[PDB]
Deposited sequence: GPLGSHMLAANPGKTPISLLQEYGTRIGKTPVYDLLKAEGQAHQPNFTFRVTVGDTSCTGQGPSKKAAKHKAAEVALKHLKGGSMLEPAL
């Protein structure tokens, strides 16, 4: 019952690529970029966590 955020977190730390999030846009709509080592993608959402959730989901699908 773990979320993409915690999954990305756990995987990332195991392979030496702990995810880092950067708030890009806050206009409410938030745009966050997540970076996992060399890989990066963006996600948007109604709240900071919601946006980090989307970014993580995408990076998770791509990586694995």
Completion exercise
The answer, as deposited-sequence ranges with no C-alpha, is 1-12, 40-44, 82-90
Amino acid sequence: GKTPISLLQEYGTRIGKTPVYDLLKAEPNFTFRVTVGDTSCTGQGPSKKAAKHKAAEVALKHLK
From here on, numbers count along this sequence of modelled residues.
Fill in the blank from the handout: Comparing mean C-alpha B factor in the record for 45-53 and 15-23, the higher one is 45-53
Exercise for the section: Rank-wise, by C-alpha B-factor, drop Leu60 into the lowest, middle or highest third of its chain. Expected result: highest
Practice task
Using the B-factors in the PDB entry, rank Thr39's C-alpha atom against the chain and give the third, lowest, middle or highest.
Solution key: middle
